[PDB]
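K.L.:
Got coords.pdb for you, PDB, N, CA and C atoms:
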ATOM      1  N   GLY A   1      35.068 -25.900  32.244  1.00  0.00           N
ATOM      2  CA  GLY A   1      34.955 -24.879  33.312  1.00  0.00           C
ATOM      3  C   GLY A   1      33.549 -24.803  33.866  1.00  0.00           C
ATOM      4  N   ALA A   2      33.348 -25.393  35.036  1.00  0.00           N
ATOM      5  CA  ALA A   2      32.029 -25.448  35.648  1.00  0.00           C
ATOM      6  C   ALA A   2      31.729 -24.187  36.448  1.00  0.00           C
ATOM      7  N   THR A   3      30.487 -24.075  36.894  1.00  0.00           N
ATOM      8  CA  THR A   3      30.055 -22.952  37.708  1.00  0.00           C
ATOM      9  C   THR A   3      29.227 -23.430  38.900  1.00  0.00           C
ATOM     10  N   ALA A   4      29.394 -22.750  40.032  1.00  0.00           N
ATOM     11  CA  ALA A   4      28.646 -23.033  41.262  1.00  0.00           C
ATOM     12  C   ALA A   4      28.801 -24.477  41.752  1.00  0.00           C
ATOM     13  N   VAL A   5      29.843 -24.720  42.539  1.00  0.00           N
ATOM     14  CA  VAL A   5      30.005 -26.001  43.219  1.00  0.00           C
ATOM     15  C   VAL A   5      29.631 -25.851  44.688  1.00  0.00           C
ATOM     16  N   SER A   6      28.391 -26.202  45.028  1.00  0.00           N
ATOM     17  CA  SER A   6      27.933 -26.195  46.416  1.00  0.00           C
ATOM     18  C   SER A   6      28.211 -24.861  47.098  1.00  0.00           C
ATOM     19  N   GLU A   7      28.965 -24.969  48.140  1.00  0.00           N
ATOM     20  CA  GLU A   7      29.430 -23.849  48.964  1.00  0.00           C
ATOM     21  C   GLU A   7      29.979 -22.674  48.140  1.00  0.00           C
ATOM     22  N   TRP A   8      30.495 -22.956  46.950  1.00  0.00           N
ATOM     23  CA  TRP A   8      31.038 -21.920  46.080  1.00  0.00           C
ATOM     24  C   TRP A   8      30.042 -21.542  44.995  1.00  0.00           C
ATOM     25  N   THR A   9      29.790 -20.255  44.857  1.00  0.00           N
ATOM     26  CA  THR A   9      28.982 -19.752  43.761  1.00  0.00           C
ATOM     27  C   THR A   9      29.527 -18.406  43.306  1.00  0.00           C
ATOM     28  N   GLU A  10      29.444 -18.137  42.016  1.00  0.00           N
ATOM     29  CA  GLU A  10      29.948 -16.887  41.473  1.00  0.00           C
ATOM     30  C   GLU A  10      28.855 -16.120  40.744  1.00  0.00           C
ATOM     31  N   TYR A  11      28.908 -14.804  40.861  1.00  0.00           N
ATOM     32  CA  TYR A  11      27.977 -13.923  40.173  1.00  0.00           C
ATOM     33  C   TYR A  11      28.766 -12.916  39.347  1.00  0.00           C
ATOM     34  N   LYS A  12      28.278 -12.593  38.158  1.00  0.00           N
ATOM     35  CA  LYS A  12      28.957 -11.626  37.302  1.00  0.00           C
ATOM     36  C   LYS A  12      28.446 -10.219  37.595  1.00  0.00           C
ATOM     37  N   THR A  13      29.377  -9.314  37.826  1.00  0.00           N
ATOM     38  CA  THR A  13      29.070  -7.929  38.120  1.00  0.00           C
ATOM     39  C   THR A  13      28.999  -7.129  36.828  1.00  0.00           C
ATOM     40  N   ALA A  14      28.183  -6.076  36.833  1.00  0.00           N
ATOM     41  CA  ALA A  14      27.940  -5.239  35.652  1.00  0.00           C
ATOM     42  C   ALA A  14      29.218  -4.870  34.886  1.00  0.00           C
ATOM     43  N   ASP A  15      30.351  -4.768  35.583  1.00  0.00           N
ATOM     44  CA  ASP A  15      31.620  -4.421  34.933  1.00  0.00           C
ATOM     45  C   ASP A  15      32.165  -5.601  34.124  1.00  0.00           C
ATOM     46  N   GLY A  16      31.434  -6.706  34.149  1.00  0.00           N
ATOM     47  CA  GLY A  16      31.729  -7.832  33.291  1.00  0.00           C
ATOM     48  C   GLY A  16      32.678  -8.838  33.903  1.00  0.00           C
ATOM     49  N   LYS A  17      32.557  -9.087  35.208  1.00  0.00           N
ATOM     50  CA  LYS A  17      33.391 -10.106  35.853  1.00  0.00           C
ATOM     51  C   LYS A  17      32.693 -10.808  37.015  1.00  0.00           C
ATOM     52  N   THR A  18      33.072 -12.058  37.241  1.00  0.00           N
ATOM     53  CA  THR A  18      32.487 -12.862  38.301  1.00  0.00           C
ATOM     54  C   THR A  18      33.286 -12.777  39.594  1.00  0.00           C
ATOM     55  N   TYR A  19      32.580 -12.736  40.713  1.00  0.00           N
ATOM     56  CA  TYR A  19      33.214 -12.856  42.014  1.00  0.00           C
ATOM     57  C   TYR A  19      32.759 -14.148  42.669  1.00  0.00           C
ATOM     58  N   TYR A  20      33.718 -14.876  43.205  1.00  0.00           N
ATOM     59  CA  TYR A  20      33.484 -16.207  43.734  1.00  0.00           C
ATOM     60  C   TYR A  20      33.282 -16.150  45.239  1.00  0.00           C
ATOM     61  N   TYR A  21      32.094 -16.537  45.661  1.00  0.00           N
ATOM     62  CA  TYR A  21      31.690 -16.418  47.047  1.00  0.00           C
ATOM     63  C   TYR A  21      31.582 -17.793  47.680  1.00  0.00           C
ATOM     64  N   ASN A  22      32.308 -17.989  48.762  1.00  0.00           N
ATOM     65  CA  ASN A  22      32.153 -19.198  49.554  1.00  0.00           C
ATOM     66  C   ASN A  22      31.280 -18.881  50.744  1.00  0.00           C
ATOM     67  N   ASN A  23      30.218 -19.640  50.905  1.00  0.00           N
ATOM     68  CA  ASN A  23      29.211 -19.316  51.897  1.00  0.00           C
ATOM     69  C   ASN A  23      29.655 -19.618  53.323  1.00  0.00           C
ATOM     70  N   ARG A  24      30.259 -20.778  53.580  1.00  0.00           N
ATOM     71  CA  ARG A  24      30.553 -21.110  54.969  1.00  0.00           C
ATOM     72  C   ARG A  24      31.931 -20.620  55.404  1.00  0.00           C
ATOM     73  N   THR A  25      32.685 -20.010  54.501  1.00  0.00           N
ATOM     74  CA  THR A  25      33.769 -19.131  54.902  1.00  0.00           C
ATOM     75  C   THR A  25      33.249 -17.709  55.005  1.00  0.00           C
ATOM     76  N   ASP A  26      32.333 -17.400  54.072  1.00  0.00           N
ATOM     77  CA  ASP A  26      31.755 -16.068  53.884  1.00  0.00           C
ATOM     78  C   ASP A  26      32.742 -15.175  53.125  1.00  0.00           C
ATOM     79  N   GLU A  27      33.676 -15.804  52.417  1.00  0.00           N
ATOM     80  CA  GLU A  27      34.732 -15.057  51.742  1.00  0.00           C
ATOM     81  C   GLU A  27      34.354 -14.778  50.291  1.00  0.00           C
ATOM     82  N   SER A  28      34.847 -13.668  49.766  1.00  0.00           N
ATOM     83  CA  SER A  28      34.636 -13.325  48.371  1.00  0.00           C
ATOM     84  C   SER A  28      35.977 -13.095  47.683  1.00  0.00           C
ATOM     85  N   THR A  29      36.290 -13.933  46.711  1.00  0.00           N
ATOM     86  CA  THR A  29      37.557 -13.852  46.011  1.00  0.00           C
ATOM     87  C   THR A  29      37.325 -13.796  44.505  1.00  0.00           C
ATOM     88  N   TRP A  30      38.219 -13.137  43.788  1.00  0.00           N
ATOM     89  CA  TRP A  30      38.071 -12.981  42.347  1.00  0.00           C
ATOM     90  C   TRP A  30      38.833 -14.075  41.603  1.00  0.00           C
ATOM     91  N   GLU A  31      39.366 -15.029  42.358  1.00  0.00           N
ATOM     92  CA  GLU A  31      40.062 -16.168  41.779  1.00  0.00           C
ATOM     93  C   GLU A  31      39.163 -17.401  41.819  1.00  0.00           C
ATOM     94  N   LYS A  32      39.206 -18.180  40.747  1.00  0.00           N
ATOM     95  CA  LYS A  32      38.373 -19.368  40.601  1.00  0.00           C
ATOM     96  C   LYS A  32      38.830 -20.462  41.576  1.00  0.00           C
ATOM     97  N   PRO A  33      37.944 -20.885  42.497  1.00  0.00           N
ATOM     98  CA  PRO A  33      38.222 -21.972  43.451  1.00  0.00           C
ATOM     99  C   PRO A  33      38.726 -23.234  42.758  1.00  0.00           C
ATOM    100  N   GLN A  34      39.647 -23.948  43.397  1.00  0.00           N
ATOM    101  CA  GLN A  34      40.247 -25.129  42.783  1.00  0.00           C
ATOM    102  C   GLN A  34      39.285 -26.322  42.769  1.00  0.00           C
ATOM    103  N   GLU A  35      38.177 -26.192  43.481  1.00  0.00           N
ATOM    104  CA  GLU A  35      37.102 -27.176  43.412  1.00  0.00           C
ATOM    105  C   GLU A  35      36.161 -26.854  42.260  1.00  0.00           C
ATOM    106  N   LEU A  36      36.330 -25.671  41.701  1.00  0.00           N
ATOM    107  CA  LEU A  36      35.455 -25.181  40.653  1.00  0.00           C
ATOM    108  C   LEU A  36      36.254 -24.906  39.379  1.00  0.00           C
ATOM    109  N   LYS A  37      37.555 -25.159  39.450  1.00  0.00           N
ATOM    110  CA  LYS A  37      38.451 -24.914  38.334  1.00  0.00           C
ATOM    111  C   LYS A  37      38.893 -26.238  37.722  1.00  0.00           C
TER
END
Written as structure tokens, how would this file's structure read?

P.N.:
Amino acid sequence: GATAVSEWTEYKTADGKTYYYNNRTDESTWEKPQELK
């Protein structure tokens, strides 16, 4: 299970979970990208 593939990067929030942010979509999803899964 890798982390941060280019355009996709995830940060863990204080509540203890990562949100996956795609930069050139500008989208934020709580599901692991299939390029990063």

K.L.:
What gap, in Å, lies between atom CA of residue 33 of chain A and atom CA of residue 5 of chain A?

P.N.:
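Straight-line distance from atom CA of residue 33 of chain A to atom CA of residue 5 of chain A works out to 9.2 Å.
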
K.L.:
Suppose a student applies the PyMOL selection byres (((chain A and resi 3 and name CA) around 12) and name CA) to this structure; what residues should they get, written as a PyMOL selection string?

P.N.:
chain A and resi 1-2+4-12+18-21+32-37

K.L.:
Mind giving me the straight-line distance from atom C of residue 25 of chain A to atom N of residue 13 of chain A in Å, one decimal?

P.N.:
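Answer for the atom C of residue 25 of chain A to atom N of residue 13 of chain A separation: 19.5 Å.
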
K.L.:
Have segment 4-19 of chain A completed to N, CA, C and O atoms, please, and pass it along as a PDB file, keeping the file's coordinate frame.

P.N.:
ATOM      1  N   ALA A   4      29.394 -22.750  40.032  1.00  0.00           N
ATOM      2  CA  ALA A   4      28.646 -23.033  41.262  1.00  0.00           C
ATOM      3  C   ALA A   4      28.801 -24.477  41.752  1.00  0.00           C
ATOM      4  O   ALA A   4      27.992 -25.348  41.430  1.00  0.00           O
ATOM      5  N   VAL A   5      29.843 -24.720  42.539  1.00  0.00           N
ATOM      6  CA  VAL A   5      30.005 -26.001  43.219  1.00  0.00           C
ATOM      7  C   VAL A   5      29.631 -25.851  44.688  1.00  0.00           C
ATOM      8  O   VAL A   5      30.451 -25.401  45.493  1.00  0.00           O
ATOM      9  N   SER A   6      28.391 -26.202  45.028  1.00  0.00           N
ATOM     10  CA  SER A   6      27.933 -26.195  46.416  1.00  0.00           C
ATOM     11  C   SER A   6      28.211 -24.861  47.098  1.00  0.00           C
ATOM     12  O   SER A   6      27.737 -23.803  46.681  1.00  0.00           O
ATOM     13  N   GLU A   7      28.965 -24.969  48.140  1.00  0.00           N
ATOM     14  CA  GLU A   7      29.430 -23.849  48.964  1.00  0.00           C
ATOM     15  C   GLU A   7      29.979 -22.674  48.140  1.00  0.00           C
ATOM     16  O   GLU A   7      29.960 -21.531  48.604  1.00  0.00           O
ATOM     17  N   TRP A   8      30.495 -22.956  46.950  1.00  0.00           N
ATOM     18  CA  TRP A   8      31.038 -21.920  46.080  1.00  0.00           C
ATOM     19  C   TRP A   8      30.042 -21.542  44.995  1.00  0.00           C
ATOM     20  O   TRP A   8      29.518 -22.403  44.291  1.00  0.00           O
ATOM     21  N   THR A   9      29.790 -20.255  44.857  1.00  0.00           N
ATOM     22  CA  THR A   9      28.982 -19.752  43.761  1.00  0.00           C
ATOM     23  C   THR A   9      29.527 -18.406  43.306  1.00  0.00           C
ATOM     24  O   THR A   9      30.034 -17.632  44.118  1.00  0.00           O
ATOM     25  N   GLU A  10      29.444 -18.137  42.016  1.00  0.00           N
ATOM     26  CA  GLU A  10      29.948 -16.887  41.473  1.00  0.00           C
ATOM     27  C   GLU A  10      28.855 -16.120  40.744  1.00  0.00           C
ATOM     28  O   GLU A  10      27.990 -16.705  40.090  1.00  0.00           O
ATOM     29  N   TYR A  11      28.908 -14.804  40.861  1.00  0.00           N
ATOM     30  CA  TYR A  11      27.977 -13.923  40.173  1.00  0.00           C
ATOM     31  C   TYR A  11      28.766 -12.916  39.347  1.00  0.00           C
ATOM     32  O   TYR A  11      29.807 -12.432  39.794  1.00  0.00           O
ATOM     33  N   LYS A  12      28.278 -12.593  38.158  1.00  0.00           N
ATOM     34  CA  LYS A  12      28.957 -11.626  37.302  1.00  0.00           C
ATOM     35  C   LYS A  12      28.446 -10.219  37.595  1.00  0.00           C
ATOM     36  O   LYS A  12      27.242  -9.968  37.593  1.00  0.00           O
ATOM     37  N   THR A  13      29.377  -9.314  37.826  1.00  0.00           N
ATOM     38  CA  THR A  13      29.070  -7.929  38.120  1.00  0.00           C
ATOM     39  C   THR A  13      28.999  -7.129  36.828  1.00  0.00           C
ATOM     40  O   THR A  13      29.621  -7.503  35.838  1.00  0.00           O
ATOM     41  N   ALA A  14      28.183  -6.076  36.833  1.00  0.00           N
ATOM     42  CA  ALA A  14      27.940  -5.239  35.652  1.00  0.00           C
ATOM     43  C   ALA A  14      29.218  -4.870  34.886  1.00  0.00           C
ATOM     44  O   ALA A  14      29.176  -4.690  33.670  1.00  0.00           O
ATOM     45  N   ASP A  15      30.351  -4.768  35.583  1.00  0.00           N
ATOM     46  CA  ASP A  15      31.620  -4.421  34.933  1.00  0.00           C
ATOM     47  C   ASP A  15      32.165  -5.601  34.124  1.00  0.00           C
ATOM     48  O   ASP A  15      33.220  -5.505  33.497  1.00  0.00           O
ATOM     49  N   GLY A  16      31.434  -6.706  34.149  1.00  0.00           N
ATOM     50  CA  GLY A  16      31.729  -7.832  33.291  1.00  0.00           C
ATOM     51  C   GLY A  16      32.678  -8.838  33.903  1.00  0.00           C
ATOM     52  O   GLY A  16      33.517  -9.400  33.198  1.00  0.00           O
ATOM     53  N   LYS A  17      32.557  -9.087  35.208  1.00  0.00           N
ATOM     54  CA  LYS A  17      33.391 -10.106  35.853  1.00  0.00           C
ATOM     55  C   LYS A  17      32.693 -10.808  37.015  1.00  0.00           C
ATOM     56  O   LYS A  17      31.859 -10.227  37.699  1.00  0.00           O
ATOM     57  N   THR A  18      33.072 -12.058  37.241  1.00  0.00           N
ATOM     58  CA  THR A  18      32.487 -12.862  38.301  1.00  0.00           C
ATOM     59  C   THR A  18      33.286 -12.777  39.594  1.00  0.00           C
ATOM     60  O   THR A  18      34.518 -12.745  39.573  1.00  0.00           O
ATOM     61  N   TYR A  19      32.580 -12.736  40.713  1.00  0.00           N
ATOM     62  CA  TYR A  19      33.214 -12.856  42.014  1.00  0.00           C
ATOM     63  C   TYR A  19      32.759 -14.148  42.669  1.00  0.00           C
ATOM     64  O   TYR A  19      31.568 -14.473  42.683  1.00  0.00           O
TER      65      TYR A  19
END
